[PDB]
Amino acid sequence: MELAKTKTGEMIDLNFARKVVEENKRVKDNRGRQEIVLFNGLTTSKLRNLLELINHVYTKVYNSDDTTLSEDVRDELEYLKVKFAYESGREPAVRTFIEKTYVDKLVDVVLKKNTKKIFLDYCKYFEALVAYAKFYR
Amino acid sequence: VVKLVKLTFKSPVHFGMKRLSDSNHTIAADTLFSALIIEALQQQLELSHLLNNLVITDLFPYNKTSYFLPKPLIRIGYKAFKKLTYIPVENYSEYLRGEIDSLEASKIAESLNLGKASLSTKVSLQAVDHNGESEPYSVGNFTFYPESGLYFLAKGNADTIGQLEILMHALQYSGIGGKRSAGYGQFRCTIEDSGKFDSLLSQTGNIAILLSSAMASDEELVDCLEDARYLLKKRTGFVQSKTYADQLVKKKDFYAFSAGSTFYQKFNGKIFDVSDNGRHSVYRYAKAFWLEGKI
Amino acid sequence: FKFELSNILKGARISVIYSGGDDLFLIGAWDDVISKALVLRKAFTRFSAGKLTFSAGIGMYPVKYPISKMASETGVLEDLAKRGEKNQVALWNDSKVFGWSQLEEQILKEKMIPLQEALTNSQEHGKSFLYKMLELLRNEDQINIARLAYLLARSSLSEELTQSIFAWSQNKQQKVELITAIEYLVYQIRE
Amino acid sequence: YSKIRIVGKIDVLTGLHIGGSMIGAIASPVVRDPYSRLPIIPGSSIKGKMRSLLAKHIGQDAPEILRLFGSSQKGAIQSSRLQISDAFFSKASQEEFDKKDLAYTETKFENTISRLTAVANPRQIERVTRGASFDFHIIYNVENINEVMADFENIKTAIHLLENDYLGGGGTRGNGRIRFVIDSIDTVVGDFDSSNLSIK
Amino acid sequence: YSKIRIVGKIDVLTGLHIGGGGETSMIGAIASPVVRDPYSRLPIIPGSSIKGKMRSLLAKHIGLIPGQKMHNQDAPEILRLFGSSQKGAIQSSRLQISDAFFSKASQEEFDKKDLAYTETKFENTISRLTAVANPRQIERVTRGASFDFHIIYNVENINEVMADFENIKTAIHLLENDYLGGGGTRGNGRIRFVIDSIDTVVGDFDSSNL
Amino acid sequence: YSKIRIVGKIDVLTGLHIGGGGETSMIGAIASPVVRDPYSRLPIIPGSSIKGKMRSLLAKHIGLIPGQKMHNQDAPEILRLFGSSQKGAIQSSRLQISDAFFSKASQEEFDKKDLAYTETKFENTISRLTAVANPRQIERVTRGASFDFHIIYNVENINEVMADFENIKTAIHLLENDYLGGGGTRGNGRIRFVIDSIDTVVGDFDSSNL
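Residue numbers (the authors' numbering), protein chains in the order written: chain B, 1 to 137; chain G, 5 to 80, 89 to 307; chain A, 562 to 752; chain D, 2 to 21, 26 to 64, 74 to 214; chain E, 2 to 211; chain F, 2 to 211.
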C-alpha cells in the first residue's frame, strides 16, 4: 500500500503490520502459564473499539461511488484522530499501539490525499493490525 | 494490374474446412471467387470479366509487423520447419535460399499473430414449440487481432479491377465464410497499389510457387507434374443458391494443388465446372497465380 | 504402452481409447485417472531408467459432456504441458501446470493429506471453512493474506498446519498448490 | 440490389446472461470476445430472438419470416435479408465502467430450494452489468423493392416485442431486459431511398 | 400476441436482506451484505427472488403432490404462469419478472434527512451449551426505501388471462403476508405491493379490467 | 395453506435496553445505545431478539437434551414452531416474528407529557478491593413505551395448530416472567404482551377458537 514511511524510513504495509505486531509481542509467564502480551498490554477489546471507529467511516466511503473523500468523511477522520488521542491518553497500551503503528499519523495523510483508495488502504492496514494481533495471540 | 486487397474483420469469421465445428484462419481463392460471382449476380453485373480476366490469390495472413505468404514446398529440426506455415515477405527469399535455420523458423512461426481461434456453442430452439427439444451445435470461429487481417492480391485489366472494387464493397456487407447472415464474416476492405508485392512478383526465378489453390488443364497437367512438390487439397462443398435446385445439392468433388506448391513448369489455371445437372453452372476457380523464386 | 499399460492401470476405473508413445488417450474416473497418470510417470522413468519424460494434460468433465469436446480440450492441456516444462503435467485448467513430482508430493502429499486428515478430525470445521480459505487464496489481495491469518487463528487448526497454510499462502508456488490441493479435496469430499 | 445499414446501440436494462469450471467459482460464464475478453452479444441470439417473437406475433413458416431470416426448405431456398452481426461491448460503456473501476460483468448468486427436502443448492451466474451498451450492426438486403416497407414494419414489431422481452438468458427471472437506440438507418449499397424507413 | 405490463412499487415494511456474495468482507464489517446493482451501488430486489418466492407460495396454496421432488411437478396453473421444463412438455412462462430497482423518490427521501439506504444490524447467537454469544453484522435495506417493480404477462391463450391474473393476485397476497429474501422468520423482508399499474403495452388485448 | 396473523402491543414494564452497534458516541454521553429504526430514529424491538428469547425460554422449559450443542437439537415442538436447519431434516418455521415498531399511540402519549422515548441510566462498576469505579451511561427505552408486534403463523398441519398455539402461549408467559434485551438480571427489560386480534389472513382456517 506504501501508506507511509516510518521513522528510519520503513514503509507502512500489511507485511509491516505483521512485523509491528511481531516486534511488540512478548511472552510473560504470569502465574506459571505463558501469556502473550502485545504492545505492552494492548487488549483485544480496545483494538476492537478502535476498529469500530474505522468501520463507521469505512461504511460511508466504501459504499460511496465518489473517489474524493466527502467533507463529512473528512470530519469523521478528524474525529478519529481526536478519539485516537483520547484513547492514548486514557490507556498507556493504546498510546504505545498508536505510536508503534503510526495509525494516528496516517489519518492525517489520508486527509491530505482526499482519496477513497488511500482511505481504503488505511482501513486495510488497520484491519491487518487487527488480524495479525489475533494471529500472534 | 495487381491490386492488394486488405480485409479487416469486425466480427469473428467461421471459414469452415469440413465441418461447422472446425474453423480456418483463411479461405481459398475459389471461396472468394464464388462470393464475388454471387455478389456480381446480385448486383446484376456481367460475369465475363470475372470468368475471363480476374486472377486472385488465397487470402493470406497479414500483421502490422508483416504480410505472410504460404510456405513453399521446397526440399531443404524438421519439426520446426513442418510447423511453419507462413513466411513474411521479407523472409521469403531467405527461406528459398535455405539461409533460414530451425530456430529462425520457430521465430517466424511465433511472429505471426493472425488471431485467436474459438468455438461458440449455439442452440437451436426450433423444435421446442413442437414438444421437441433444444439442439446444441458448435460453430468454430476465428477472431483476428486488431492489427491482424487477411489480404489477397487481384490481377486483371482495368474493367475487371473496377468491377472487383464494386463487388468488394458490396461483399463487405454480405460478409465471407460460413454462418455469414448469422453474426459472422463482416469485414471492411481496402484496395491499393502495393509496392512490396509488385516488386516481389517482378522476379524470374528457376522455380514457381502457387499463390492460389489451383489445378491445371489435362494437357497442362502432363508437363506440370514432372519434378513438382505439391499438396493435392480436396475442394468439396454444397451449392449455395436459390435457383440451382429445389433442394440443397453437393458440388462435384474437385482436387486442387494447394497454395505454396512448387511446380518447375508454370501452368495457367481454369475456371472448372463442379455442377451436376443444375439450372446454372457452379464455377470453381482453379486459375493459377505464380510467385517465381530462385532456389 | 501396449502390454505393461494394462497392468499399470489394473484395478482403476479407466478406459484406454488409444495407446502408444506417439499419443495416449484414456477416459476414466477423475481421481483414478490422476493417480494412474502419476503411477505411469514413475513407471516410465523406471522402465527407461530415466532419460525419458512423458507430458500429459488431465481434464475433468461431466459424463454427458461430448467426447469430441473432451478430446479437443484435453489435447490443449497436453499442448500446454508439452510446449515448455515438457516433463510437467497440466491438470484441469491452463492455470494449473505442475511437475509430476510437484503434483504427486508437493500438492497431493504435502498439502492435500494434512488438510484431509485435519478436516476429518475437526468436528468444528467443514467444506465451508475450506471454501472460505479458497476464496481468500483465489482473490490474491494482500489483505486476504491477513484475513486468512485471522480465519486461521479463529479456525484453531493444528498450529503446524496453521503455520504451514500461512507460509503456503505467502509463497506464490505453494498457494497454487494449496488452491489445487483444497480443490482436489473438495472434489473428493463432495458427494 | 440494395443494402441498407442499421447501426445502433443496445442498452442493458437488467443483467444480461447470453451464456454460451473450478469448484466455488462462477458455474455459468457469458460469451466473451477471445482477444479482448469483452462480453459480446452473438449475432445469432438477436436474430433467433427476433425471429421467435415475430413468429409468435404472426402465428416459423410464414413467408415473411422465411424471407427476413432465410430458409433452406425444398423449393423455398431464400437468402436471409437480415444479416445481424455480433454486438460488441461499446467503447463508451468501457470508458464509463473504467471510471469508478466498475467490472463489465457481475457474478450473481442464486439458489434453488427443493420442493422435497427444502435444501438450497447454490449457483453462480455471470451477467453483463446493467448500464452496459453494445454497438449492434444490422444489414438489410433489398431482394424486392415492393416488400421493403412491410419488412421494416415487421422488423419494428419484432424490436418492439424485444423491448418488452428479454435477450438470451434466464430472462423470466429478471435478466436480459434491453433497449434499442437506432442511431442510423442508411443505404450502404445501391440508390435505394431509406430515409423514411424506421425501426422505432 | 399481446404483452401486458404490470408496473408498480414494493415497500419495505421491515428491513429486507437479499444476500449477495462473491466479495471478501473486511474484519469487523458486515459479514453478509445485500445484493446491490453494481452501477448504482444501490440495493436491488432480484426478479429471480420475487419469482421464486411467489411460485413457492402459490404452490403451497394450491397444494403439493405427496413427495414432489421437482418444480415441474407443480399444478398446471403454476407451470402455465411461471413456466415448465418437462421433456416434451416445455411450457413457456407467461410471467417475466424483472429486477426491482430502488426508487428515485425513496432515494430522494433518504438523501434528504441524510439516511443510509442500508442499515447494519448487530445480532448474536447464544450457544445452547456454553451460553456464549457470538456476534454478527448483517446488512438490511431500510424500511422507508421502496423498489420499483416491473412484470410482463404474455397473452398466449386469451381465455385463461383472467384466471392467471387471479393466481397472480393470490400469489401477491401470499407474498404480502409472507416475507421476501432471507431471515424473514426473525423479522426481515416484510413488503407490500402498494402500487400497481396494469397496461397492455404490446398488442390489442383489453387490460382495462385487469 | 392458511396464514394466521397476530397483532398486538409489547409494553415496557421496566426500562428496556436492546444493544445496537456502530453508533458513534460523544465522550461522557451515552456509550450503550439501544437499537433504533433508521428511518424514524425511534427505538425498535428486533424480531430476531423476540424469537431468540422465546425459543430459548421454551426449549429450556420443556428441557434440553444432555450435552446439547446446537439449536437444531431442540425438542421437536420447538423445531416445528421456530424451524430447523438439520441436515436431512430441515423443518419450516410456522412462527414468523417481525420487528416491533414504536407505536404511534405511545409516541403521542410521550409527546403529550414532553418525555423522551429513551431514558439514560448512569451505572458504574466498583472494584471490591480498591473501590475504584468505572462509570457507564446506558440507554433504555422509557417505561410505558409500547411496540406494535406482528406475528405470522403458518398452518402446515391442522391437527398440530392447537398444540402449537398452546406452546406459543407458554413461550409468551415465559417471556413475561423473563426479560427481553440485555442486563435483565439487573432489572432491565421487563415487558408485557397484549393481543389486539388473532385473525386468519390466508386460507379458510378458523382462528376464532384460538
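Each residue gets a CB set at the ideal place from its N, CA and C atoms; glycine is no exception.
Ranking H18(D), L58(D), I19(D) and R42(D) by CA distance to the CA of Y2(E) puts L58(D) first.
Taking every protein chain shown into account, the CB of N153(G) has 16 or more other CB atoms within 10 angstroms, so this residue is buried. For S26(D), a Cβ of chain A is located within less than 8 Å of the residue's own Cβ. Put simply, the CB of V133(D) is near chain F, with a gap under 8 Å to one of its CB atoms. Bridge partners of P44(F) according to DSSP: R37(F). If you ignore the 5 residues before and after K14(G), its C-beta comes within less than 8 Å of the C-beta of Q198, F199 and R200, all in its own chain and listed in chain order. DSSP assignment within the stretch 132-209 of chain G yields the following whole beta strand (DSSP E) runs of 3 residues or more, N-terminal first: 147-156, 161-166 and 199-204. In this structure, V737(A) sits away from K672(A), with a CB-CB distance that is not shorter than 8 Å. Judged by beta-carbon spacing, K10(F) lies within the 8 Å limit of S147(F), meaning their Cβ atoms are closer than that value. Spanning the alpha carbons of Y157(G) and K278(G) requires a straight line of approximately 36 Å. Contact between the stretch 55-63 of chain G and the stretch 280-300 of chain G is established, with three or more Cβ pairs separated by less than 8 Å. If you check each beta-carbon in the stretch 186-213 of chain G against every beta-carbon of chain D, the ones closer than 8 Å belong to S186, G187, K191, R192, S193, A194, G195, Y196 and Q198.
Sixteen is the threshold: since fewer than 16 other Cβ atoms of the shown chains lie within 10 Å of the Cβ of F564(A), the residue is exposed. Within its own chain, the residues whose Cβ lies closer than 7 Å to the Cβ of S27(G), once the five positions on either side in sequence are excluded, are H18, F19, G20, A129, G152, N153 and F154, listed in chain order.
Within the model, the alpha-carbon separation for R193(F) versus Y180(D) is close to 53 Å. Between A679(A) and the set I726(A), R574(A), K625(A) and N654(A), the nearest pair of CA atoms involves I726(A). By the Cβ criterion, the stretch 159-167 of chain F is not in contact with the stretch 165-180 of chain E, since fewer than three pairs of Cβ atoms, one from each stretch, lie closer than 8 Å. Rounded to whole angstroms, the Cβ separation of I79(D) and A60(D) is 6 Å, and the two are in contact under 8 Å. Along the stretch 694-713 of chain A, the positions whose C-beta sits under 8 Å from a C-beta of chain B are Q703, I704, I706, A707, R708, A710, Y711 and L713, read in chain order. Nearest in C-alpha terms to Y154(D), of all of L14(D), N168(D) and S107(D), is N168(D). Per the Cβ contact rule, the stretch 80-92 of chain D is in contact with the stretch 252-260 of chain G (3 or more Cβ pairs under 8 Å). Rounded to the nearest whole angstrom, the C-alpha separation of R23(G) and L165(G) is 28 Å. Within the stretch 110-168 of chain E, the complete beta strand (DSSP E) runs of at least 3 residues fall at 119-127, 134-142 and 147-156. The residue among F16(B), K83(B), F39(B) and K46(B) with its C-alpha nearest the C-alpha of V27(B) is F39(B). Fewer than three pairs of CB atoms, one per stretch, sit closer than 8 Å, so the stretch 183-191 of chain D makes no contact with the stretch 106-125 of chain E. Just so you know, the alpha carbons of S85(D) and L260(G) end up roughly 11 Å apart. In terms of CA proximity to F275(G), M227(G) leads the group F266(G), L176(G), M227(G) and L63(G).
Separation of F119(B) and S45(B) (C-alpha to C-alpha, rounded to the nearest whole angstrom) is 23 Å. Looking only at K54(D), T119(D), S49(D) and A172(D), the smallest Cα-Cα distance to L43(D) is reached by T119(D).
Check the Cα spacing between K4(E) and each of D207(E), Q97(E) and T201(E): the tightest is with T201(E). With a cutoff of 8 Å on beta-carbon distance, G29(D) and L695(A) are scored as near each other.
Rounded to the nearest whole angstrom, the CA to CA distance from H62(E) to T171(E) is 9 Å. Under the 8 Å criterion on CB atoms, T186(E) is classed as interfacial with respect to chain F.
For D200(E), no alpha helix (DSSP H) encloses it; the enclosing beta strand (DSSP E) starts and ends at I199 to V203. By the beta-carbon neighbour count (other beta carbons within 10 angstroms, threshold 16), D583(A) is exposed. Per DSSP, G89(B) is one residue of the alpha helix (DSSP H) stretching across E71 to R90.
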